[PDB]
Structure formats: structure tokens, C-alpha cells
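What follows is one chain in C-alpha cells, specifically the form deposited in one PDB entry.
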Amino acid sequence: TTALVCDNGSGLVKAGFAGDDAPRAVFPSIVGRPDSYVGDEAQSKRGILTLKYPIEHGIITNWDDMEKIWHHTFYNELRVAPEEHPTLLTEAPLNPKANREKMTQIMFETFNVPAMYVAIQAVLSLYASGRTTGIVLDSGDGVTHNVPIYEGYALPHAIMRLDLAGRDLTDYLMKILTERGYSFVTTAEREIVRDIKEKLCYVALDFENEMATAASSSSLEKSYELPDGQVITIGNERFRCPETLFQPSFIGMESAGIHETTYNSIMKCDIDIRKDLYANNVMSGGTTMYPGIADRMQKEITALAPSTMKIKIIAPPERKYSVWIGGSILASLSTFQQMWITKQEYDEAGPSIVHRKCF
């Protein structure tokens, strides 16, 4: 009938139809347990349920629960018969060879889809930005990658990982509310630190500057209306929380910051393409959605790089969905029908076909 696009992230499934400009469904990638429940339901019931994330740090870990997720995506969320739809999936960079094969195997064997493809997330995002060359910062719920791409292809040796992501920003938001005396550690309230995060937080051009502006002024403060009507005050915490991306040490990380890891990714690539990357730095995934992050990263990269370098951060507003959109475009192209692994090729070659057809 039509091709499906599933972008499985650590904290959110983004599922829909090839050709739409957005996923028709977005829900938490989780399985709760006291039987089981999935996605929305479990999210709402979690106080009573044991929650599990079958994808950790962008890598699939629990395969039984990932099947359950894929099942729910097809029948309950997209409401489709998967045997009838070619299905494009997405993957983290450096996804083990073994996970790739298993993905393949499950799709054809458990779900019987007629065709399938698997695509590198950072690469779909670069395409959705309308570029074949650039360096993508992909920062989701559970993990943060830098992926340099040249003429359409990622350079693995230069991919940089960071195990710090949006989930951790939440945790760190949690605590600076408690230190300022608002304590939500309880999973019912968990959403609220998350929802506070999505809305009042922003990234400061000069960190310390914004801190003195903070305690000398009160002009940076904001308040939030909670669901019970109560009203609370929020300080520098707005911009202290995302600041951990550039200063991982706030949570204790000796790991370098996103400006640095970008830079270390660029400099691990070959000298004659460094210019094209410096000029194309593409932000994708919800944790990049913070106000002032693009102006920030710019100035940090405008600092850390040669005085002649032309520097641009591309931060398109829809970037929460970029991966999914690159997929939808890819999967829509007239030149794409031969790119699929068909059922027939799967059942000749088995799952090892994924290495030769998808890379």
C-alpha cells in the first residue's frame, strides 16, 4: 500500500507513513510490567508498573520488549498490517553488526514485511536539512553523538559518542529544583521536571555572565503553574540545566562538552573536508531544542576554530523530527524501490544481507 518509517529512539518511538511531512505517532519507547502495557498506557500507569527501556543509549538491548514495541507500533498506533508495508527503520551510528542482523531477521521473520531498509539516523537528518555533507550533532533522550558526513556517507573513525543526553538533563534539573527547595523525585512528578525542562530552559551565550545577571537581578526568573494550580519560581536553573552539555562536569563528567566533541570529530576527519563540516553543523533530536544553543555552539566553535573559518550551525525548528523526515523523503523517492531488501532476497540470503544492502 504505502511505506512505513519507524525511527526508534531511546525515549521516543517516531512512527508514520513515507511521504507525510511528520510521524503520525509519537510515544515513549517503554514496556511497563506489574502481563504488560506499552507506550502511552504504561507511561500513565507507571506508578503501578515496572518500566523498562528496551533501547539504551540509542542501542537496542532487550529484544523481546523491542518486538512488543514494534508490534504496538504496527497494530495499535499505526493500525496497519505489516505484511503489506515496506518498512524503513533507523539505527544509531556504530550499531553493532549483530543488532542490524537481528532487526532485519525480526522484521521479515516475526512481522513478515515484504521489504525493509535500515538507515543511519544522523544521516537521514543531514538529508532532511538538504545536504550531503556536514557534521550532525544528534542528541536524543538517552545518548548524544557527533557524526561527520561527507558526500552522503558518515566517516566512522571520526564519529564521537557521548553517553550524556536529555534524560540526564532531566535528572540534573530535578536536583537543582530540590536544592532551591522543590522536590520532585517521584515518577508521577517526573513528567513535570521534564515538562519544565522543555519550556522555560534555555542556553546562555556567556554562562557566568548570565549567572551574575541571575542573583543580582531576578529578571531571569520565571514561574510555572503546576497541574494542581500551585505556582513555583525558577531561577538560573533554567540555563544551568542545559549548560551541562558544554560542561559535562556539572554531573561529574570528565567527558568533554558538545562544542569540544564536535571539534574533535571535525579534526579526526581529513584536512581537505574540515572546511565543509565547520560550515555545516546540523543539530537534530529533542535535546538540541533549547533556545540559545545554536548561538552558543556557534560562538564556542567560532572560538575553538581558525580565524578564517566560515561557521554555521543549522538548527531547523522541526529538528525533533529530522531523522523521521529524512526517512520519509528517502522512502518516497522513485529511485528507492530497488534499494529495499525484499522478502525474496531476505529468504535467499538471510539477515547478513543487511551489511551489503544497508550502509
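When you see a residue number, it is the position in the sequence shown, counting from 1.
A second form of this protein, the form solved in complex with a small molecule, is not displayed here; the remarks below concern that form.
Original post:
Is there a heavy atom of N99 no more than 4.5 Å from a heavy atom of the small molecule in the bound PDB entry?
Top reply: Because a heavy atom of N99 falls inside 4.5 Å of the small molecule in the bound PDB entry, the answer is yes.
Subject >> the small molecule contact in the bound PDB entry: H57, any heavy atom under 4.5 Å >> reply: Yes, contact at 4.5 Å.
Original post:
Though only this chain appears here, would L94 touch the small molecule in the bound PDB entry if you measure heavy atom gaps against 4.5 Å?
Top reply: Yes, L94 lies within 4.5 Å of the small molecule in the bound PDB entry.
Original post:
Does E83 reach the small molecule in the bound PDB entry, with heavy atoms at most 4.5 Å apart?
Top reply: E83: no contact with the small molecule in the bound PDB entry.
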